[PDB]
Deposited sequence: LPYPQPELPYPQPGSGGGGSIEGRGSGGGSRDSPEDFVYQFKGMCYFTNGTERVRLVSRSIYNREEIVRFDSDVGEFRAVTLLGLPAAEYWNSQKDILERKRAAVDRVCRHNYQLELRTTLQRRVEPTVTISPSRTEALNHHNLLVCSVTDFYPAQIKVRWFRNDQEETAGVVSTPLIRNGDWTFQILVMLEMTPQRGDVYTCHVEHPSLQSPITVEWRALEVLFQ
């Protein structure tokens, strides 16, 4: 059945807060050629015990996880199921991603504006893979260029702003050149100094 399936936590053998977390994490490289599952149990902020598919068994990361790791490794049916979760959870959900999330293409909005400092605002794009370059009369500028980190909007879009400190001349044209997987042709946008 093609529905997302979850990784499962197992049972442990100014106000005050006590926090617990379980993360069923899947790592994919080269599609489903290389797949790794790392399930983590965290007490407050300390990871206490883990299942890494590259190890193939539970391992306490700290003292508080040793009772669980000892107990869960003694249960052969748990181990076999955990060893199979790379396919039933990671590889299974990856097949759903390939036709939905891994196909989301949002072309960026490229804008050039001052605040001399020239800012190329490359907003609302998906996926993250981007290349933004400045040019002054077809000459590539890098020495005087500073870029923000990649900015995660949260709504499944990214933005990034690339700034260029320039010495404005009369016969000068500044072009922001953006490359992104959702574009067949790279976007080139121009700015000309006026007064």
{"query": "Stretches with no C-alpha position, numbering per deposited sequence from 1", "finding": "14 to 32, 135 to 142, 223 to 226"}
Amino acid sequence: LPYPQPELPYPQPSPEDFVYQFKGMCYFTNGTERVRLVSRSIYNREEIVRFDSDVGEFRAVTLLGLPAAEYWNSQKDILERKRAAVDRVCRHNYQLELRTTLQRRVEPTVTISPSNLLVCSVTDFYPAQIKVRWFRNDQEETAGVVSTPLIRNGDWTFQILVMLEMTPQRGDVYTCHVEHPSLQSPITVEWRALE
From here on, numbers count along this sequence of modelled residues.
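Heads up, when I say rigid core I mean the largest set of C-alphas that superpose within 1.5 Å between the two forms.
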item	value
Segment of greater CA departure in 6 other deposited structures of this protein, 167 to 175 or 21 to 29, core superposed	167 to 175
Stretch farther from the shown model on average in 6 other deposited structures of this protein, with CA RMS computed after core superposition (34 to 42, 136 to 144)	136 to 144
Segment of higher mean CA temperature factor, 183 to 191 or 18 to 26	183 to 191
Which of 35 to 43 and 128 to 136 has higher mean CA B factor, as the PDB entry lists it	128 to 136
Candidate residues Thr148, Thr62, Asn153, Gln169, the one whose C-alpha B factor the record puts highest	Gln169
Within-chain third of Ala85 by Cα B-factor, per the entry	lowest
Lowest, middle or highest third - CA B-factor, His92	lowest
